[PDB]
Every structure is written in structure tokens, then in C-alpha cells.
Amino acid sequence: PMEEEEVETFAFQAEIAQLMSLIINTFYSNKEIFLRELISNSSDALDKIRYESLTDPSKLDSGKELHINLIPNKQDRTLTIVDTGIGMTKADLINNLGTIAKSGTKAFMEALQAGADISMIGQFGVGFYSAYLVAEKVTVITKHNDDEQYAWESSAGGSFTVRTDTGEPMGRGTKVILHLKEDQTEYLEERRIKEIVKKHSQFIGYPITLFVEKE
Ligand SMILES: COc1ccccc1-c1cc(Cl)nc(N)n1
């Protein structure tokens with residue numbers, strides 16, 4: 001029996017599209033900061049469910065453990081960052097991952113063209129897009145309480161897709177899957193991941209575990 005699935009294809013907001021093009025087509029040193037930005041987003045999402053659970057403890061029915069998992073896969077060249085934070089509703093997803101303008105986008109692009117280090121991206125509220133420093137495609141799977149699980153994906157180029165995810169269920173949280181560019185495979189190495197977590201993400205207030213495939 002053939003299954004049918006609805007897909008929605010969206011255009012990035014004009015300046016977000018401009019920023020993504022600048023990140024992808026310009027050389028930057030210090031690309032390693034992409035992981036800091038993603039872990040920071042996870043930490044923020046974990047704070048959110050933690051505080052929400054104080055007013056409504058049943059919001060943890062979907063999983064009580066608050067943590068971050070890092071999963072490098074050298075076979076398909078993906079680095080996956082998974083958290084059990086609050087997750088995103090459909091509205092959160094579309095508004096936070098490309099359709100709604102961000103007030104910091106223009107300032108940051110001016111800063112970059114002026115020679116600013118790419119590390120400054122977090123300050124401007126668009127840190128997620130640093131993923132495209134190392135990834136040619138990014139897939140985001142997310143599950144918020146009382147909503148369905150959604151899959152967001154983009155290879156840049158001006159568009160992204162959103163669909164209801166019929167794949168493996170997450171209890172609650174967000175999974176960011178980085179399909180790495182061929183020259184950025186160092187971020188699949190255990191030593192390198194430990195290095196940049198130690199350097200940039202040492203004060204995160206939730207457990208982080210690195211899972212390393214044998215061999
Ligand atoms: C505001 O949070 C985000 C902004 C941009 C991209 C992703 C996120 C996000 C949201 C949630 Cl609930 N979790 C995670 N890990 N990232």
C-alpha cells in the first residue's frame with residue numbers, strides 16, 4: 001500500500017537567505033563554533049521545559065531526563081545533536097527557522113563584511129545558521145508536547161521544507177542532523193568533538209554525552 005505524505009516548501013526571508021549565502025560561499029576560519037551555537041540552543045530549550053514543568057509536571061510525561069546527546073556517524077557523514085528540551089510547535093519551527101525576519105540579520109552581515117569573526121553570530125540571534133559553515137544540508141526533527149513530530153530540512157539555495165514526520169518517534173525535544181561537507185569530516189572525530197565542547201561549551205548546565213560507533 002503506497003503511503004501519501006504532505007510536504008510544504010517555503011522561501012527563506014530575504015535577509016536570512018542572504019546570510020545563508022554569505023556563510024556558505026565565503027571562507028571563515030573558526031567554523032568549529034557551529035557546535036557551540038547548537039548546544040546553546042539545546043540548553044535554552046532544556047531550560048524552557050524545566051521551568052514549564054514546575055507549573056505543570058505532566059509536561060515531563062514525554063520524558064523526565066534533561067540532557068544532550070552528540071552522535072557522529074562516519075558512515076553517512078552526519079553529526080547529530082539531540083536534546084530533550086521543549087521542542088518546537090509547527091509555529092515555532094516556521095517562525096524560528098526561516099520565514100520570520102530576525103532583527104539582527106542585517107547588522108551581522110555588515111559586521112562579517114567588515115571582518116568580524118564568525119563566532120560573533122550568536123550575539124546577533126541567528127546562531128543556528130552557523131550550521132551551514134560545516135553542513136551542506138541540515139535536517140531538524142522536533143517534537144513539542146501536544147503537537148505532532150515535524151521534520152524541517154534545507155540545503156540552502158533559498159528554500160526549506162516542513163512535513164509531519166512519519167519516522168522514528170522522539171518523546172520530546174529537537175534533533176539537528178548535520179550532513180557534513182566533504183572537507184569538514186573532522187567534526188566526526190571523537191577527539192575533535194571533545195576539544196570544541198571543552199573549549200566552547202564547558203559551562204552548559206545539562207549532561208552532554210558523546211556516542212562513538214565502534215571502529
Ligand atoms: C529559538 O530556538 C531555536 C532557534 C533557531 C533554531 C533552532 C532553535 C531550537 C529550538 C528548540 Cl525548542 N530546540 C533547539 N534545539 N533549537
Side-chain angles (χ1 to χ4, degrees), residues 10 12-13 15-20 23-24 33-53 56 59-60 62-71 78-105 108 118 120-135 137-156 159-165 169-179 193 197 200-201 204-210:
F10 296 94
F12 281 109
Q13 196 270 159
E15 283 87 57
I16 293 177
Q18 291 169 202
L19 171 63
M20 287 175 81
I23 285 171
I24 293 170
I33 58 88
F34 79 89
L35 189 55
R36 181 196 66 210
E37 291 306 322
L38 298 179
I39 292 173
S40 179
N41 283 353
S42 292
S43 182
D44 287 356
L46 287 163
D47 284 339
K48 282 169 179 175
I49 181 61
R50 175 171 275 191
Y51 281 100
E52 288 198 14
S53 69
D56 189 350
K59 289 183 177 175
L60 293 178
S62 48
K64 292 176 190 181
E65 163 79 315
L66 304 188
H67 63 160
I68 300 174
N69 293 340
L70 305 182
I71 308 166
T78 58
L79 177 60
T80 297
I81 300 83
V82 185
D83 65 65
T84 54
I86 189 77
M88 292 179 267
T89 61
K90 176 70 172 296
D92 293 338
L93 189 55
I94 185 183
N95 298 339
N96 288 68
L97 283 182
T99 62
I100 301 303
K102 299 301 306 298
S103 64
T105 309
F108 185 50
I118 189 69
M120 295 295 167
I121 188 170
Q123 300 278 44
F124 288 81
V126 288
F128 167 85
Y129 293 103
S130 66
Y132 288 92
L133 292 167
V134 299
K137 180 169 67 181
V138 177
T139 306
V140 176
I141 308 306
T142 196
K143 174 70 175 65
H144 185 285
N145 288 324
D146 300 318
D147 206 344
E148 288 182 294
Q149 188 166 305
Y150 297 108
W152 178 102
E153 189 170 76
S154 182
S155 299
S159 296
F160 63 95
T161 62
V162 178
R163 67 199 73 195
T164 299
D165 190 8
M170 307 175 59
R172 179 200 65 250
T174 299
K175 169 164 52 174
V176 181
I177 304 164
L178 306 170
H179 304 267
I193 297 172
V197 169
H200 301 286
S201 303
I204 296 301
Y206 299 96
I208 303 174
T209 304
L210 172 60

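Ligands are counted one by one from 1 in listed order, and the atoms in each one are counted from 1 as well. When a residue number appears, it is its place in the shown sequence, counting from 1.
- Residues satisfying the side-chain hydrogen bond (donor to acceptor under 3.5 Å, both in side chains) criterion with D92, sequence neighbours excluded, are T89.
- For the pair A156 and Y132, the tightest heavy-atom approach, listed with the atom from each and the gap, is N-CE2, 4.2 Å.
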Could you check ligand 1 for N or O atoms lying under 3.5 Å from protein N or O atoms and list the pairs with distances?
from	atom 1	to	atom 2	distance (Å)
ligand 1	13 (N)	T174	OG1	3.4
ligand 1	15 (N)	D83	OD2	2.9

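- Under the salt bridge (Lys or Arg N to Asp or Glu O under 4.0 Å) criterion, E148 pairs with no residue, sequence neighbours left out.
- Taking the side chain to side chain contact (heavy atoms under 4.5 Å, CB included) definition, one finds that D165 meets it with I141, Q149, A151, sequence neighbours left out.
- The closest side-chain heavy-atom distance from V162 to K90 is below 4.5 Å.
- Counting non-hydrogen atoms of neighbouring residues, nucleotides and ligands closer than 6.0 angstrom, the CG atom of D146 reaches no more than 12 such neighbours.
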